[PDB]
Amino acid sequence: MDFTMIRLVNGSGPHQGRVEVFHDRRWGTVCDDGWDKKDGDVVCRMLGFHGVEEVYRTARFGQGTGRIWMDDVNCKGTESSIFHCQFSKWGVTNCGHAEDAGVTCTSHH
């Protein structure tokens, strides 16, 4: 049910870009604090890609706007949905959009 609430925005394709999640009525970004390959793997597999090619910090794919919804995302790397990962409370971050996390997933075009 969670695969709908996550998109990769502003990449070369829907397999890559700034991570945006849908929560409480609106799209919001994810902070890079502790953004690593475990989290990237979780995000890329909940969307249907076989693996993660790369994670990016410091708004690799430009700065989102509006709400940063997640911070301190600490996935084990095994999860079915990013929201099953340990992370901040919704909307409680110590970040700015300059820190919006991005990813590139494994894709075969």
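Each residue number is its position in the shown sequence, starting from 1.
request  = Output the stretch having the higher mean C-alpha B factor in the entry; the candidates are 75-83 and 31-39.
outcome  = Between 31-39 and 75-83, it is 75-83 that shows the higher mean C-alpha B-factor.
task = Could you look up the Cα B-factor of residue 101 in the entry and say which third of the chain it sits in: lowest, middle or highest?
result = Ranked within chain, residue 101 CA B lands in the lowest tercile.
query = So where's residue 49 on the chain's Cα temperature factor ranking, which third?
reply = Answer is highest: the recorded C-alpha B-factor places it there.
query = Taking the entry's C-alpha B-factors for this chain, is residue 6 in the lowest, middle or highest third?
reply = As the PDB entry reports it, the C-alpha B-factor of residue 6 lands in the middle third of its chain.
task = Comparing against every modelled residue in the chain, figure out the third that the C-alpha B-factor of residue 92 lands in (lowest, middle or highest).
result = For residue 92, whose C-alpha B-factor we compare with every modelled residue in the chain, the answer is the highest third.
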